[PDB]
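Next up is one chain by itself, shown in structure tokens, the form deposited without the named molecule.
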């Protein structure tokens, strides 16, 4: 049984806790031990340790990470503490489940990448949009030649959580203390899906905008420093073309990570807002020719562990149960987990390259 430490009792902390709790229920084997939950205030850590089912709560995350009854650490804390907590956990010989991003800077992620190899411990980044049965069925369909050779990718990730210009300035809207804007909150997720479908990125040319440049701060204005939206043309290492965008100011969209792979022999199309539908076109006889709506069910990877009957919608939170399982099996040496800190660094370099391209108005190569 895996000894589990969880750091952060925020919403992604709770998402991790719910996944650890049901991973053996879904996939079988021994339920992981929920050893130690870490957060502040210490009254906090204790309240949620009780309801989350952890043996003890602690306000000392460094103590949590070095606990000898612990094997794997989930890190769900704010972005700026990711490097520190991850390297500390690897230093203590713990496996790491790290919420995106690895770090704010490529330089930090690179150190994390070197530290992870050196530790000989499993790592995985919380790119949970790669865990849906629909997405995994799409990768398998492409691998079976369902759409022949991929000739074009078009992806987007629209949300509107920053659209309201009255929302207050925060240190997260600063380059230093936040890093990337929309490319950091959303771009990285779209890249995680995109490279999984099309293989590695060779080149980007990007544009970006700050749409709301000043926000309420104390009694006055403070300046927004990172992008609200960005778009890029992609060239994949394969030679294939791509279109890419993200926005945190796209009004009416809440989780619109939408992508499409056009192939020589078909097209796959998906929208996370309807995560139980995969659209597949393959040439058919004229009388019946058209896109198929594939409704998520037990024919798709992971679904059978949650429900034996198709069309019982798989949820966002169950993505995280699959991610937990993938890490469990990797820790037991029964399957590689993706992405580790090495694959993760590559994603960090692509979104930073996109930011660099938009700033310089020049293409960036990888």
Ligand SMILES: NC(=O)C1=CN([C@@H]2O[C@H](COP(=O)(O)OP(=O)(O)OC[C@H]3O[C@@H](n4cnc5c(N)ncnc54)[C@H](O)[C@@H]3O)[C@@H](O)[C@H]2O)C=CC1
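Numbering follows the first chain given and starts at 1.
- The stretch with the higher mean CA B factor, choosing between 325-333 and 38-46, is 38-46.
- Remark: stretch with higher mean C-alpha B factor among 254-262 and 162-170 is 162-170.
- Highest CA B-factor among the listed residues (220, 187, 283, 150): 220.
- Across the options 225, 287, 228, 277, the residue with the most elevated CA B-factor in the record is 225.
- In this PDB entry, residue 316 carries a Cα temperature factor that places it within the lowest third of its chain's modelled residues.
- Annotation for residue 119: CA B-factor lies in the highest third of the chain's modelled residues.
- Sort the modelled residues of the chain by CA B factor and residue 12 lands in the highest third.
- Per the PDB record, residue ranking by Cα B-factor puts residue 299 in the lowest third of the chain.
- The PDB entry assigns residue 80 a C-alpha temperature factor belonging to the highest third of its chain's modelled residues.
If you look for the form deposited with the named molecule bound, you will not find it shown, but the lines that follow are about it.
- Although the named molecule is omitted here, in the deposited bound form none of 152, 196 and 236 has a heavy atom within 4.5 Å of it.
- Contact check for residue 341: no non-hydrogen atom falls within 4.5 Å of the named molecule in the deposited bound form.
- In the deposited bound form, the named molecule lies within 4.5 Å of some heavy atom of residue 99.
- Interface membership of residue 129, defined by any non-hydrogen atom within 4.5 Å of the named molecule in the deposited bound form, is confirmed.
- Within 4.5 Å of some heavy atom of the named molecule in the deposited bound form lies at least one heavy atom of residue 12.
- Between the named molecule and the residues 245, 240, 77, 119, the one pair within 4.5 Å by heavy atoms in the deposited bound form involves 77.
- Note that among 25-33, 295-303, 328-336, 315-323, the stretch whose heavy atoms approach the named molecule to within 4.5 Å in the deposited bound form is 315-323.
- Contacts of stretch 22-45 with the named molecule in the deposited bound form, defined by any heavy atom lying within 4.5 Å, are made by 38, 39, 40, 44, listed in sequence order.
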